[PDB]
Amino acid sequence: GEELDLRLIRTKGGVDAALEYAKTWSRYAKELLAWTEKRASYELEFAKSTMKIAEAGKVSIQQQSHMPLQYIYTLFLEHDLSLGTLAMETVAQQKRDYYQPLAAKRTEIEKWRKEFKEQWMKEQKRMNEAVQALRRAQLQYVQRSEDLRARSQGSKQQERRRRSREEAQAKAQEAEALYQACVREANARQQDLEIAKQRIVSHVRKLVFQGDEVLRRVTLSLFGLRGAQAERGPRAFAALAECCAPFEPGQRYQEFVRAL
């Protein structure tokens, strides 16, 4: 846990690697969300289309008299309508139990990933600013040192020489104190990048754990849902096949003749 974050904080570009893992995870959830939604749409079209013809087949068959397997085919057409109804309900429940919690967790992970990336750019910008301020302060001290040296070659003129040496020495000491304070400030920003390093990778690991928790949960519910839908098929056809056994050819024409 805390050991994993350290393995990654030791790696130069661990933050970027962790942030890249989060990008990849979100695209993966995005692709999985898009495939299920496209599949659901195709199944809605299938239910809608097969239910149109099955209903038309029902209206038609129920106006017929003494037709062979008329009741079997009425049941068969009705079974198709029930499957259609089950399909539409399954799609609606999938949009609710799968699409919504996964989509919600994904957008949450994307909002946090985008935030952490900006934070990471900010802390690195602050470090480059501290290094650049330090390079200026170093070059400033070189100049003040050069200045002091120029006033250090070797009584009205003596007092003046001493004054100019003392002033250049004060400016060389202040530019020394400044460049040294810049070293410290750059060291401070360096320790700050290490606080950010741990903070970003630990949060990215906790968010991925959470995402994986939602993904397993909604996948398990999806399988249970589609499993329940797949159960309705075999018993139906075996029952319809069993209904064929007491049918005798010509019995319906014989009923027709007797009715006439």
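Heads up: residue numbers just count along the shown sequence, starting at 1.
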Enter the number of deposited residues without atomic coordinates between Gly154 and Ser155, binned as none, 1 to 3, 4 to 9, or 10 or more. 10 or more
Between 178-186 and 70-78 (mean CA B-factor, as deposited), the higher: 178-186
Mean Cα B-factor comparison, 44-52 or 230-238, giving the higher one as deposited: 230-238
In terms of its chain's C-alpha B-factors, the third that includes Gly250 is the lowest
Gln198 by Cα B-factor - lowest, middle or highest third of the modelled chain: highest
Within-chain third of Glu213 by Cα B-factor, per the entry: middle
Going by the CA temperature factor in the PDB record, which third of the chain does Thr85 belong to: lowest, middle or highest? lowest
Is the Cα B-factor recorded for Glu146 in the lowest, middle or highest third of its chain? lowest
